[PDB]
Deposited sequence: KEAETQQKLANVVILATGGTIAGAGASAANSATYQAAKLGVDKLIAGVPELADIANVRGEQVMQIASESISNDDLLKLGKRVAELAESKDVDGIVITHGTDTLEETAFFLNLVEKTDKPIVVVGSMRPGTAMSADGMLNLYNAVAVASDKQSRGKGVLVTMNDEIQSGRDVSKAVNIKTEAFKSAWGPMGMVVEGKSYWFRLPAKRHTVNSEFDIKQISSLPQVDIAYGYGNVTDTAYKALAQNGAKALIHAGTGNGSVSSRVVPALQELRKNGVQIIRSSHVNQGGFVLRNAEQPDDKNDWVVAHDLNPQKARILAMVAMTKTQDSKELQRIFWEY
């Protein structure tokens, strides 16, 4: 008796309803699982919204809770795949496999990667080995953690990378594992989608030579409840920007120091800025867009900067 896998489609070039086309076009899935599909949205992923994430997250929770669902696959555009994957990893309190998957090459193109990617995603979602591992991403014959995998290379099929390595590989339908997650996720998370009805607004500003405070102030004036600073180096802040950040913090905007140095390492508390004195937070190893996701989720529960720091150290 094969596993029952539900594919929740959101758009992207992997659809080459989109979900019906996939289920019709990859008849090999039937070898490895009983598939059914639902079109949760039809979007280019760069245009995803928080309302989209909530709808998706709620749906995945409903399915996870059903006795007739064994694993879930989410098909997605590649641009913000990493953000959805981390979101789900924080809010879905389930041990059932959840896999997110896309295609780097346009789905109808010569040698396009999506077909095998989707076959692998359904394989992984149907595998007992996937239970309790958090959200997974299955691109380039790899099993990557949805927490810290990122789109790192443009164009190429090897696009999705993590500083901490792949956890496994998927080959001819079989999963081979080499590492386990360390960080908090899914059933061991403090967050639960079932209790989240809205998400706070979080925005991201970049650091670079000759940067001013303008983007920071403007983003806050248009509703940001936290600012993810994408700094140079070790979350460094220009001396022209620090005063604004102090003022914004006082005004109640959380200040989270991430970086655009995203192949490896992490941002160290109290190294480049006096985070304790200013009541700021460091994003640890998390890239800016990952940091935004964590901040948003966390701020559904707490606005205590020390708790936020704990969170950024545990997830």
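- Absence of C-alpha coordinates is noted for several segments of the deposited sequence, namely 1 to 7, 24 to 38.
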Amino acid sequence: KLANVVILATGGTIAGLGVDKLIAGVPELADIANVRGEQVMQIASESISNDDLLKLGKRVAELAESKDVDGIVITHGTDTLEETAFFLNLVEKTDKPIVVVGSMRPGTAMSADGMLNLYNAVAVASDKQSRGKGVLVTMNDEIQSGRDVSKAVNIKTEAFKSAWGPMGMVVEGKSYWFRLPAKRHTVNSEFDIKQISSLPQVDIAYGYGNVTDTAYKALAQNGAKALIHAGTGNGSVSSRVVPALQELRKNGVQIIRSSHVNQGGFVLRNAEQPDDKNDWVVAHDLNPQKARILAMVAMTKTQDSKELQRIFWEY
From here on, numbers count along this sequence of modelled residues.
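- Here the stretch with the larger average CA B-factor, out of 25 to 33 and 53 to 61, is 25 to 33.
- For the pair 106 to 114 and 185 to 193, the record assigns the higher mean C-alpha temperature factor to 106 to 114.
- Across the residues 261, 41, 283, 253, the deposited record lists the maximum Cα B factor for 41.
- When the C-alpha B-factors of 161, 147, 229, 128 are read from the PDB record, the largest value belongs to 128.
- In the deposited entry, the Cα temperature factor of residue 291 places it in the lowest third of its chain's modelled residues.
- The PDB entry assigns residue 278 a C-alpha temperature factor belonging to the highest third of its chain's modelled residues.
- Remark: residue 45 belongs to the lowest third of its chain, ranked by C-alpha B-factor as recorded.
- Residue 69: CA B factor in the highest third of modelled residues in this chain (values from the PDB entry).
- Residue 200: CA B factor in the highest third of modelled residues in this chain (values from the PDB entry).
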